[PDB]
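Read through the structure below, which is laid out as structure tokens, and then see the notes.
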RNA sequence: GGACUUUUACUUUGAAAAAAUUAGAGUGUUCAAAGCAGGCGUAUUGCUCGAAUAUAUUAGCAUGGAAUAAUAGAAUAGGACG
RNA sequence: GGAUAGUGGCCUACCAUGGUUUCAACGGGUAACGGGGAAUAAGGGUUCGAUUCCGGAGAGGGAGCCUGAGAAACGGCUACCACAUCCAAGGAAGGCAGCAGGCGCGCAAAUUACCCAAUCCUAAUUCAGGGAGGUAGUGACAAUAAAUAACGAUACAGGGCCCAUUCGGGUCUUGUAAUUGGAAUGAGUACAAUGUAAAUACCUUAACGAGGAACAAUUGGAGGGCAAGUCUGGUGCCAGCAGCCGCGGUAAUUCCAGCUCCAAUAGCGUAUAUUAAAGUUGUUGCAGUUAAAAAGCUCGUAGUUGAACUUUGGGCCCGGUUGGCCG
Ligand SMILES: [Mg+2]
Ligand SMILES: [Mg+2]
Ligand SMILES: [Mg+2]
Ligand SMILES: [Mg+2]
Ligand SMILES: [Mg+2]
Ligand SMILES: [Mg+2]
Ligand SMILES: [Mg+2]
Ligand SMILES: [Mg+2]
Ligand SMILES: [Mg+2]
Ligand SMILES: [Mg+2]
Ligand SMILES: [Mg+2]
Ligand SMILES: [Mg+2]
Ligand SMILES: [Mg+2]
Ligand SMILES: [Mg+2]
Ligand SMILES: [Mg+2]
Ligand SMILES: [Mg+2]
Ligand SMILES: [Mg+2]
Ligand SMILES: [Mg+2]
Ligand SMILES: [Mg+2]
Ligand SMILES: [Mg+2]
Ligand SMILES: [Mg+2]
Ligand SMILES: [Mg+2]
Ligand SMILES: [Mg+2]
Ligand SMILES: [Mg+2]
Ligand SMILES: [Mg+2]
Ligand SMILES: [Mg+2]
Ligand SMILES: [Mg+2]
Ligand SMILES: [Mg+2]
Ligand SMILES: [Mg+2]
Ligand SMILES: [Mg+2]
Ligand SMILES: [Mg+2]
Ligand SMILES: [Mg+2]
Ligand SMILES: [Mg+2]
Ligand SMILES: [Mg+2]
Ligand SMILES: [Mg+2]
Ligand SMILES: [Mg+2]
Ligand SMILES: [Mg+2]
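Residue numbers (the entry's author numbering), protein chains in the order written: chain d4, 69 to 135; chain s9, 2 to 186; chain e0, 2 to 63; chain d3, 2 to 145.
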């Protein structure tokens, strides 16, 4: 078999310099659990609609139904 | 919008489809080299045509012509390193009269026949396409390998495969077990 | 010319040839094995002749 | 002499006199005038598809003698009416009225083939299945 | 010593030029289509060849040639040279 | 002069009557984006190029403009034209020739999947974003490699060169099997590792995986052109076949089939187009008395073409290249 190899001067300058997927291959980094590109994007877009905090806007909303 | 991964085709078919002459000659080459189909003859028949043209052209240049020399010797040089062009037909005039079998001769398959190993070009095939051969450390299962000069004396059975050490196959090993669990105990 | 001629016997002969099933037979070798067969068979053993040699002669002259 | 000019600067005439005469060349003219798109029942397209109007029994030209079994088709793409040969034995029992079929040409360059007059197209499919398959019982005509 | 064709055509040789494709050299992708890689060694901190070349027949530019074919010039001398 | 970033009839004012054309202007067609390029291989040519790169253009049709360095921008706005969605009937909103997907059209073209790991772009910016791109999916578009069996044993025929008087017979190697023998291998399937962003496949590899109803290859053809049946059964100018010639009316080598045989074979056939064959577009390179074709005749303009002659001969220098001979 033939591959490719690296040996970093100190563990530190690896963790810095290595791509973060090989990091997790070794355990040297956590497998971040995220929402799929679609869920992400779709959230980005739902947000696109709102101007400001919106923590304001839900006051606008909540006002209308409590009377 | 990538880059066109290029390709070309390796064969050509005959203009007259039913020359029983050519059809006869072809079949001889099929059984006297243990071939699969016509395309295996076609391929080389194409191959050969491109060589003779290349030659043909250079032969129309002047001798001592820069181009003729670099690429006339080059042609010959390749045709020698393979077993097609003999040690002193090393001219361009001889590469023209270069015949077909001249190539087909140097097949791994025909070569495996040409030194023990097989006793039959058909045995030779089913041996090659089954990891039962190695050029150097390299296992090679293509019947059309084209064996080179300095490569010739390195075609031996594999480091794996029963015919070369390391285990028997699994049909032998299947038998050693059926003479075992039954008659044994 | 005439264009509405009879259609009543469409399929005449096909529907009236007696069906007969194909006999079984040992499989014929496919691939390189076949051209082997064909080679050694057509010219190496050399069978029937006439001064021209014959592929498919029905029950000879005799 | 040779009846054509030779002059070093006669390119003009030669260039032109040939262009002027490519026209007696049929295939060229057909190609240039777009006949294929204009007259022709198909678009020019290798194949067309239409609906079967009636079964026709066309009688063969001499010296032969038979009923050649054809179909009248309403080509879907331009509603041109064109009659088509159903090949093989009793395959006319495979196509019906209002049936939608695929027609193709006869290999004869738009000329008619053999002893069948006015027919220049063959029926290759009917109701989306092949004809050959229907005939060799590899498939069934879908249950209209 | 530079500049120099009356005015052209023609022809030579170059320049400025894209890559991919084409032709074509190198290279054992296990063969091949391909790819443009790769190769050597103490393989415990290395060394090392490459990634060429041909092709464009229009026109333009530069240049060697002046055969062929056109073209200009002294005839009321309103000619040429100094 | 005005306008422009700026030249310019770009626009205006005034002034002239000019500009293009048989060396084809102008107008028409184009099932026309231009080129790099593709197919076809004696050559010369013929045909194609929506489409991986360059350039142009457009974003349902048109016009208009804002912002900005840059847009006459459309995942910007304004209007008309054409479509057309939501609605509490007052009103509001959309522009897939981006990616997927749907309808329609048709002979004709794939998943509403994963990801920024690579390639590279953007921004305030190593970080964010990117249906650019990459990955897998569908995928017999084309292309490459090339399994579907291999080797013995036995008994006959004998290729047996012989010995040799004869069913006598040396002895390998062809040919045949309702006769046997063990070896081999991956298609698969699958611990693992590898591969990957995560997967998947390939490469590698444990445990498995070959004896016929299997791991069973097909497509077309068998009169000529053209390779291969005058064998059998069916039909009887019917059904049907046949690019073309032709086959079929009772002994069909051409239909329907069985058997066998041929050809190409993981591919083979059909249709349309095109190229070679085509010296049947002919410059190379055709034809024209009678096969298709010399205008009834002559003049004549464009066009094509157009006698000969002007430094020829002699004499030298310089450094070059494949061959004489030889080591
Ligand atoms: Mg006739
Ligand atoms: Mg050391
Ligand atoms: Mg010059
Ligand atoms: Mg200006
Ligand atoms: Mg002015
Ligand atoms: Mg006027
Ligand atoms: Mg027109
Ligand atoms: Mg167009
Ligand atoms: Mg075009
Ligand atoms: Mg284009
Ligand atoms: Mg063009
Ligand atoms: Mg179009
Ligand atoms: Mg635009
Ligand atoms: Mg649209
Ligand atoms: Mg901006
Ligand atoms: Mg716009
Ligand atoms: Mg859009
Ligand atoms: Mg845009
Ligand atoms: Mg889309
Ligand atoms: Mg849908
Ligand atoms: Mg269809
Ligand atoms: Mg398709
Ligand atoms: Mg990225
Ligand atoms: Mg990023
Ligand atoms: Mg930070
Ligand atoms: Mg199989
Ligand atoms: Mg088996
Ligand atoms: Mg068959
Ligand atoms: Mg038959
Ligand atoms: Mg034939
Ligand atoms: Mg024959
Ligand atoms: Mg019969
Ligand atoms: Mg010439
Ligand atoms: Mg002629
Ligand atoms: Mg005449
Ligand atoms: Mg006249
Ligand atoms: Mg002259």
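For each residue, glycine too, the CB sits at the ideal point set by N, CA and C.
Note down, in chain order, each residue of its chain lying with its Cβ closer than 6 Å to the Cβ of residue i, except the 5 sequence neighbours on either side.
i, result
"residue 11 (chain e0)", "none"
"residue 50 (chain d3)", "77 and 103"
"residue 20 (chain e0)", "none"
Report the neighbours of residue i on chain d3: residues whose CB is nearer than 8 Å to its CB, in chain order.
i, result
"residue 15 (chain e0)", "90 and 91"
Where residue i and residue j are concerned, what is the direct C-alpha to C-alpha distance, given to the nearest angstrom?
i, j, result
"residue 80 (chain s9)", "residue 150 (chain s9)", "11 Å"
"residue 109 (chain d3)", "residue 102 (chain s9)", "43 Å"
"residue 28 (chain s9)", "residue 142 (chain d3)", "44 Å"
"residue 97 (chain d4)", "residue 91 (chain d4)", "5 Å"
"residue 71 (chain d3)", "residue 13 (chain e0)", "16 Å"
"residue 15 (chain e0)", "residue 91 (chain d3)", "8 Å"
"residue 58 (chain s9)", "residue 72 (chain s9)", "11 Å"
"residue 34 (chain s9)", "residue 54 (chain s9)", "26 Å"
"residue 45 (chain d3)", "residue 113 (chain d3)", "16 Å"
"residue 85 (chain s9)", "residue 46 (chain e0)", "31 Å"
"residue 138 (chain d3)", "residue 4 (chain e0)", "30 Å"
"residue 132 (chain d4)", "residue 115 (chain d4)", "21 Å"
"residue 77 (chain s9)", "residue 136 (chain d3)", "59 Å"
Can you pull the chain e0 neighbours of residue i, defined as C-beta to C-beta under 9 Å?
i, result
"residue 58 (chain d3)", "3, 4, 5, 6, 7, 8 and 11"
"residue 37 (chain s9)", "32, 33 and 36"
"residue 133 (chain s9)", "Per Cβ cutoff of 9 Å: no residues; residue 133 (chain s9) is ~16 Å from chain e0 at best."
"residue 31 (chain s9)", "33, 36, 37, 39 and 40"
Identify whether residue i lies in helix, strand or coil by the three-state DSSP scheme.
i, result
"residue 22 (chain s9)", "helix"
"residue 134 (chain s9)", "coil"
"residue 131 (chain d3)", "strand"
"residue 6 (chain e0)", "coil"
"residue 73 (chain s9)", "helix"
"residue 155 (chain s9)", "coil"
"residue 139 (chain s9)", "strand"
"residue 34 (chain d3)", "coil"
"residue 17 (chain d3)", "helix"
Could you name the residues of chain e0 that residue i contacts, counting a contact when the two beta carbons are closer than 8 Å?
i, result
"residue 108 (chain s9)", "Within 8 Å Cβ-Cβ: nothing; residue 108 (chain s9) doesn't reach chain e0, min ~13 Å."
"residue 70 (chain d3)", "8 and 11"
"residue 94 (chain d3)", "11 and 12"
Residues of chain e0 with CB closer than 7 Å to the CB of residue i, please, in chain order.
i, result
"residue 154 (chain s9)", "Ordered by position in chain e0, no residue passes the 7 Å Cβ test against residue 154 (chain s9), which lies about 27 Å from the chain."
"residue 126 (chain s9)", "33"
"residue 75 (chain s9)", "Within 7 Å Cβ-Cβ: nothing; residue 75 (chain s9) doesn't reach chain e0, min ~35 Å."
Which chain s9 residues sit within Cβ distance under 7 Å of residue i?
i, result
"residue 39 (chain e0)", "28"
"residue 52 (chain e0)", "Those do not exist, as residue 52 (chain e0) stays about 16 Å from chain s9 at its closest Cβ, beyond 7 Å."
"residue 43 (chain e0)", "28"
Within its chain, find whatever has a CB closer than 7 Å to the CB of residue i; leave out the 5 residues flanking it on each side and keep chain order.
i, result
"residue 76 (chain d4)", "82 and 85"
"residue 167 (chain s9)", "160 and 161"
For residue i, collect the residues of the same chain with a Cβ closer than 8 Å to its Cβ; drop the 5 residues on either side in sequence, then sort them by chain order.
i, result
"residue 55 (chain d3)", "72, 73 and 98"
"residue 58 (chain d3)", "68, 69, 70 and 71"
Any contact of the region 79–98 of chain d3 with the region 24–33 of chain d3, i.e. 3+ C-beta pairs under 8 Å?
no
Sufficient close CB pairs (3 or more, under 8 Å) joining the region 141–150 of chain s9 to the region 103–112 of chain s9
yes
Whether or not the region 95–102 of chain d3 and the region 125–145 of chain d3 are in contact is what I'm after, with contact meaning three or more pairs of Cβ atoms, one per stretch, closer than 8 Å; do they touch?
yes
The region 115–122 of chain d3 contacting the region 45–64 of chain d3, beta-carbon criterion three pairs below 8 Å
yes
Taking one C-beta from the region 7–25 of chain s9 and one from the region 116–126 of chain d4 each time, how about it: are there three or more such pairs within less than 8 Å?
The region 7–25 of chain s9 makes no contact with the region 116–126 of chain d4: fewer than 3 CB pairs, one atom from each, lie closer than 8 Å.
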